[PDB]
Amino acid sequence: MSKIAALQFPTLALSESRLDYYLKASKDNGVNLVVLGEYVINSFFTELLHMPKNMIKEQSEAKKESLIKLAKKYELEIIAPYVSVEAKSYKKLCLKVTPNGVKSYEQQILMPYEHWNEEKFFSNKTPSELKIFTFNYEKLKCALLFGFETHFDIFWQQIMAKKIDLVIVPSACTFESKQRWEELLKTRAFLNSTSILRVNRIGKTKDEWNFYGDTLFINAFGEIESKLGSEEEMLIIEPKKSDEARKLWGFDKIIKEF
């Protein structure tokens, strides 16, 4: 039935040949939805601070055109974080590329820390009230969240209210926080009875920040179903409906009795 492919990549080269191979391989395994991690289409954040505006635009626009073309050619959907280069500003988006159009999700909560200040570098619209990005994938109710945004309960309360089966989490996570991330996502999946697909990038930066993969899939019971290592590889998942797991603990039912 419904299958999803998670591609664990470093920053892709300007050519599209590596992406095309994995997209055909995803479609050959009966996958109709593909997800990439953060800073795979684009160079990692710390290089973006020093790169020329026009090359960042070229890097982004080359892959967006490729995804649009490849989504048509292989008739599948692609979810990929994407740096939108505007006239006088940069926006951190996540694109959902289908054969019949492109949808975009503008990240609502960005890291403001000095050493990794995405809030300063990007010019994302500050929403008045947070709103989860959701979409239907065949028979699954899905939500899309950036890695940093999973830290905030408000999103999960909206996810539980909408009976989401699967939360797709493109991310860029350092190895040092490996265990904290597993415990967080396992807890989120259990408390909200939703499956979670966390897709990480791989690679080492000039500052020796180590992204060691660990793309993983968690079921609505909070159990890890499958996970990747630290190499460039593809994870294929068959996400199931959240209903049975929702009834076991009935957290939503309990909160709905108020």
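All residue numbers are counted from 1 along the displayed sequence.
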Which wins on mean Cα temperature factor, 217-225 or 22-30? 22-30
Per the record, averaged over C-alpha atoms, which has the higher B-factor: 70-78 or 149-157? 70-78
Of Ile41, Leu191, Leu197, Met51, which one's C-alpha B factor is largest in the deposited record? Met51
Note to self: of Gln108, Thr98, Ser171, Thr187, the C-alpha temperature factor tops out at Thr98
By the entry's values, the third containing the CA B factor of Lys178 is the middle
Within this chain, which third does the Cα B-factor at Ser60 fall in: lowest, middle or highest? lowest
Is the Cα B-factor recorded for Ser84 in the lowest, middle or highest third of its chain? lowest
According to the PDB entry, is the CA B factor of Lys131 in the bottom, middle or top third of its chain, that is, lowest, middle or highest? middle
Once the chain's modelled residues are ordered by C-alpha B factor and cut into thirds, is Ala6 in the lowest, middle or highest one? lowest
